[PDB]
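# Observations on chain architecture
Chain by chain, the residues:
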Protein chains: 2
Amino acid sequence: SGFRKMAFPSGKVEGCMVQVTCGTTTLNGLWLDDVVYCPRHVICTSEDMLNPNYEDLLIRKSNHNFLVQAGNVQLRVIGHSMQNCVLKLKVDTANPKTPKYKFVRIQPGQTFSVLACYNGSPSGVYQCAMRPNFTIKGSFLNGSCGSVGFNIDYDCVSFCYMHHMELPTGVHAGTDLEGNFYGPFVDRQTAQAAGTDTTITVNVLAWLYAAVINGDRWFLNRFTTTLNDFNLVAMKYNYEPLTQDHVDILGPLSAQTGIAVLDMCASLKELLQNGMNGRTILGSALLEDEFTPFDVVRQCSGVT
Amino acid sequence: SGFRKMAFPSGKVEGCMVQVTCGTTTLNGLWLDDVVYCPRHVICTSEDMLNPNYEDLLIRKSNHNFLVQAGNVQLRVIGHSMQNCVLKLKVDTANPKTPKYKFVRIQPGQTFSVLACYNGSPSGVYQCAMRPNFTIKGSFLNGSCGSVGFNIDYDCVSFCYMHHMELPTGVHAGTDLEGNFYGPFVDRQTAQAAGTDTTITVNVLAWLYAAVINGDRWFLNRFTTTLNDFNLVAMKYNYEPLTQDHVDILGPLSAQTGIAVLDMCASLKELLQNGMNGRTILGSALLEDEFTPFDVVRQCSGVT
Ligand SMILES: Cc1ccncc1NC(=O)CC1CC2(CC2)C1
Ligand SMILES: Cc1ccncc1NC(=O)CC1CC2(CC2)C1
């Protein structure tokens with residue numbers, strides 16, 4: 001009973017968090033095996049920020065300029081390299097707390113947990129969705145750069161995001177663990193357009209199924225729709241078009257509840273057209289799109 | 001930038017989670033030092049559930065009937081005692097991962113993080129508020145009993161909640177770590193009334209301050225109110241009466257934003273009376289009461 005915006009347990013990720021300082025800037029690094037991953041903007045200074053020449057800035061840096069501290073102990077840096085927008089600092093000690101891990105590039109609409117950190121120390125954990133426009137609506141302050149996003153399949157941690165930047169609009173931008181930015185963003189202090197965002201339709205439908213599973217069913221109606229009719233409504237309301245692939249991923253929830261995917265789409269159509277009429281669904285007065293169908297199945301079945 | 005329902009990092013609590021089996025029932029236990037804490041209903045069977053005689057049920061149990069497993073290794077139980085609604089199983093090994101900890105009994109309206117577990121394994125973490133009526137609106141399934149709620153001050157974990165039960169209404173009830181239920185609840189399979197719940201006024205005000213700090217200010221008006229006028233509105237809308245103690249706790253947020261507490265109360269008064277008019281505050285279409293003024297200060301300043 002109950003449905004919460006649940007994050008993965010952050011323990012395996014806390015054991016990887018380190019502090020990285022270069023010059024006067026301190027941020028977070030991720031220590032996996034004998035490598036420390038961090039945003040390359042750690043090598044910048046305030047004059048360099050509007051358009052840094054990272055190649056030139058890194059050339060003036062030697063292994064001993066990168067101060068990496070894992071809690072109270074200092075790590076010895078024996079190599080440094082820039083891969084896209086990340087720095088990889090080779091250290092002489094493999095992290096004893098390295099969990100089984102993978103680097104993955106998530107798709108827009110997928111969810112993940114963020115372990116927000118400052119000075120290499122964890123402050124909190126929350127569940128995020130990578131927006132269709134490749135931004136995240138996180139909670140990050142100066143010093144949070146290098147905080148990571150991840151998913152956990154039993155004992156394996158799939159790292160998918162590293163935080164780099166806060167856009168002038170207050171939304172966040174970052175990279176995969178190979179330093180490739182999600183979206184069109186560049187690591188510069190420049191105004192950058194995030195694309196038009198949309199609501200993650202498949203996730204809203206998954207959350208409507210979660211609502212039915214947990215007793216909230218007032219929104220179920222006597223109607224049905226087609227993918228084409230629904231997609232006309234989705235276009236008008238800035239929702240992602242629903243495809244047969246999305247319908248297929250909703251199969252387990254459709255089977256559990258006995259509510260056909262197109263019947264659920266018709267409920268969503270009526271909610272989009274008429275609103276909630278002052279009512280709530282799973283304690284929310286808006287349509288929630290931060291739960292994937294996989295998240296709903298996992299939470300609704302207690303996968304550990 | 002940004003404001004999220006952030007939970008504490010669960011690492012220190014994951015290292016304490018164990019599985020406890022007695023007879024055919026398996027649930028979660030909390031291993032701190034050489035003691036394993038778990039709900040006493042682990043000793044029950046389906047016939048006993050409508051009104052268990054815990055004293056009699058425990059008498060038929062010996063140390064060897066309590067199977068405690070910490071991951072893959074089995075713990076040796078050398079003592080057992082019932083303290084209120086919890087069982088304390090003395091084990092021969094002190095938990096090497098025991099963090100600095102305290103047992104605390106939280107007040108209604110206070111928040112905490114829950115590490116949901118099944119079979120001694122963590123599945124997820126979320127931030128909760130203890131409702132004014134002493135229930136929690138969690139996400140728990142069969143097997144989650146023994147999952148705990150906590151807060152973290154730097155390196156010290158204050159355990160405040162242990163999950164015991166799901167009421168017929170889908171809301172949750174549990175105890176402090178001395179086995180005292182929060183609320184009038186008893187550990188029996190009986191329909192139990194939770195009191196009339198109210199909205200945590202001080203927390204909504206704290207969240208309105210967080211909204212202003214993060215750029216959402218459309219709700220700020222040209223009005224002010226008094227504690228008495230505001231409390232008349234709070235009574236009508238099932239909000240907790242605001243006291244000078246609540247106003248005092250809002251002092252830091254009032255000082256940061258320069259918005260007097262009574263001016264913020266007037267904004268809340270207008271939102272209660274007129275609604276949101278289809279608008280949102282920090283991505284919510286309802287008034288959020290799960291952030292204390294302490295949570296807002298912590299998140300808004302990046303305390304680790
Ligand atoms: C201030 C803040 C808040 C939240 N997250 C991140 C930040 N930090 C930044 O965005 C500054 C970085 C971006 C850069 C040009 C390469 C320097
Ligand atoms: C089924 C479930 C779901 C979520 N949380 C908890 C549960 N479990 C229970 O409430 C069963 C317990 C309560 C008892 C009388 C003493 C047996």
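Residues numbered from 1 in each chain as written, not as in the entry; some residues may be left out. Chains lettered and ligands numbered in written order. Heavy atoms only, no water.

For chain A, the PDB entry supplies the name 3C-like proteinase and the organism Severe acute respiratory syndrome coronavirus 2. For this structure, the PDB header gives the title as "Group deposition SARS-CoV-2 main protease in complex with inhibitors from the COVID Moonshot -- Crystal Structure of SARS-CoV-2 main protease in complex with MAT-POS-590ac91e-24 (Mpro-x10801)".

## A look at the sheet that holds strand β3 (residues 35-39) of chain A
Residue and element names in this part refer to chain A. What the seven strands build is an open sheet, ordered β5-β4-β1-β2-β3-β7-β6; its pairing is antiparallel. Where the open sheet ends on each side, the last strands, each with one partner, are β5 (73-75) and β6 (77-83). Each strand axis lies, on average, 30° off the axis of its neighbour in the sheet, ignoring direction. Across four bridges, the pairing between strand β1 (residues 17-22) and strand β4 (residues 66-70) is antiparallel. The residue of β4 that forms the bridge with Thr-21 is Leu-67. (Pairing = 2+ DSSP bridges. Helix = DSSP H or I, 4+ residues; strand = E, 2+ residues; numbered from the N terminus. Axes fitted to C-alpha atoms, helices over the stretch in contact; angles between N-to-C directions.)

## Focus: the domain arrangement of chain A
All names here are of chain A. When the domains of chain A are assigned, the result is domain 1 (1-14 + 100-197), domain 2 (15-99) and domain 3 (198-301). Domain 1 puts 18 residues into the contact, and the matching count from domain 3 is 19 residues. Buried surface at the junction of domain 1 and domain 3, summed over both partners, amounts to about 1,500 Å²; 53% is from carbon and sulfur atoms. At the surface where domain 1 touches domain 3, the tally comes to three salt bridges. For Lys-5, the salt bridge is made with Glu-290, and the minimal N-O distance between the two is 2.8 Å. With three residues, the single largest contributor to the side of domain 1 that touches domain 3 is strand β10 (residues 121-129). For the side of domain 1 that touches domain 3, a count of residues per class yields seven nonpolar, seven polar and four charged. (Domains from an automatic or database assignment. Contact = heavy atoms within 4.5 Å. Buried area = accessible area lost by both parts, 1.4 Å probe. Salt bridge = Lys/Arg side-chain N within 4 Å of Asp/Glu carboxyl O. Nonpolar A, V, L, I, M, F, W, Y, C, P; charged D, E, K, R; others polar.)

## Re the packing of aromatic side chains
Residues and elements named next belong to chain A. On inspection of all chains with the given rule, the structure shows 20 aromatic pairs over all chains. Taking 5.5 Å as the distance between ring centres and 35° as the angle between the ring planes, the aromatic pair formed by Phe-112 and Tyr-161 counts as tilted. Of this pair, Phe-112 sits in strand β9 (residues 111-118) while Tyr-161 sits in strand β12 (residues 156-166), and the two are 49 residues apart along the sequence. Put simply, the rings of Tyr-37, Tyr-101, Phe-103 and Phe-159 touch in pairs and so form one group of aromatic residues. Lying over the aromatic face of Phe-291, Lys-5 brings its terminal NZ or CZ to 5.4 Å of the ring centre. For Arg-279, the ring lying beneath its charged end belongs to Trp-218, and the centroid distance is 4.2 Å. (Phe/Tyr/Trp six-rings, centres within 6.5 Å; stacked < 30°, edge-to-face > 60°. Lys NZ or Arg CZ within 6 Å of the ring centre and 35° of its normal.)

## Here's the deal with the sheet that holds strand β2 (residues 25-32) of chain B
Residues and elements named next belong to chain B. Judged by pairing direction, the sheet is antiparallel, and its seven strands sit side by side in the order β5-β4-β1-β2-β3-β7-β6 without closing on themselves. In this open sheet, the two strands that pair with only one neighbour each are β5 (73-75) and β6 (77-83). Ignoring which end each strand starts from, the neighbouring axes of this sheet average 30° apart. The pairing of strand β1 (residues 17-22) with β2 spans six bridges and is antiparallel. Across the sheet, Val-20 pairs through a bridge with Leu-27, a residue of β2.

## Quick look at unusual backbone geometry
Even without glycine at this site, A:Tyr154 takes up a positive phi of about 55°. Inspection of the secondary structure assignment puts A:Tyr154 in the loop between β11 (148-153) and β12. The backbone of B:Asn119 sits at a positive phi, close to 55°, despite the residue not being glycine. Along the chain, B:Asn119 turns up in the loop between β9 (111-118) and β10 (121-129).

## Brief notes about helix α4 (residues 227-236) of chain A
Residues and elements named next belong to chain A. Among the residues of α4, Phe-230, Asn-231, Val-233 and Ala-234 are the ones counted as buried. Viewed along the axis of α4, the buried residues span an arc of 160°, placing them on a single side of the element. In this structure, α4 carries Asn-228, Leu-232, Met-235 and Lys-236 as exposed residues pointing more than 90 degrees from its buried face. Directly after α4, the chain includes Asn-238, whose backbone phi takes a positive value near 55°. (Buried < 20%, exposed > 50% of the residue type's maximum accessible area, 1.4 Å probe, protein only. Arc of directions from axis to C-beta.)

## What to know about the interface of chain A and chain B
At the interface, 43 residues of chain A touch 43 residues of chain B. Surface buried jointly by chain A and chain B totals about 3,100 Å² across both partners, of which 54% is contributed by carbon and sulfur atoms. Our count for the chain A to chain B interface comes out at two salt bridges. The closest approach of N and O atoms between A:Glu290 and B:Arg4, which form a salt bridge, is 2.7 Å. The interface formed by chain A and chain B contains 23 residue pairs in polar contact. (Polar contact = N/O pair within 3.5 Å; in protein donor to acceptor, adjacent residues only side chain to side chain.)

## Re the relation of the copies chain A and chain B
Note on the identical chains: chain A maps onto chain B by a rotation of 180° and an axial translation of 0.0 Å, with an RMSD of 0.0 Å. One copy is carried onto the other by what is essentially a two-fold rotation axis. Within chain A, A:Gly11 has its C-alpha nearest the rotation axis, a separation of 1.8 Å. (Least-squares fit on C-alpha atoms.)

## Some thoughts on the site of ligand 1
All names here are of chain A. Among the 15 residues in the neighbourhood of ligand 1, the closest are listed as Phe-140, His-163, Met-165, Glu-166 and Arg-188. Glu-166 places a main-chain nitrogen or oxygen 2.9 Å from an oxygen atom of ligand 1. Residue contributions to the shell around ligand 1 peak at four residues, all from β12. Looking at the shell around ligand 1 residue by residue, the class counts come to six nonpolar, six polar and three charged. Looking at the shell around ligand 1, you find at least three residues from each of domain 1 (1-14 + 100-197) and domain 2 (15-99). (Near = heavy atom within 4 Å.)

## Regarding the environment of B:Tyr154
Residues and elements named next belong to chain B. Looking at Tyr-154, the relative accessible area reads 65%, which means it is exposed. When the C-alpha positions of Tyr-154 and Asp-248 are compared, they lie 24 Å apart, and in sequence the two are 94 residues distant. Not counting the four nearest positions on each side in its chain, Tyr-154 is found in contact with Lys-12 and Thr-304.

## Remarks on the site of ligand 2
Residue and element names in this part refer to chain B. In the vicinity of ligand 2 there are 15 residues, among which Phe-140, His-163, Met-165, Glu-166 and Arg-188 approach most closely. At 2.7 Å from a nitrogen atom of ligand 2 is found a side-chain nitrogen or oxygen belonging to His-163. For ligand 2, an oxygen atom lies 2.9 Å from a polar atom in the backbone of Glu-166. Coverage of ligand 2 by the protein chains reaches 89% of its 430 Å² of free accessible surface. No other element matches strand β12 (residues 156-166), which puts four residues into the shell around ligand 2. Of the residues that constitute the shell around ligand 2, the class distribution is six nonpolar, six polar and three charged. Taken domain by domain, the shell around ligand 2 gets at least three of its residues from each of domain 1 (1-14 + 100-197) and domain 2 (15-99). (Areas by Shrake-Rupley, 256 points an atom, 1.4 Å probe, with all protein chains shown as cover.)

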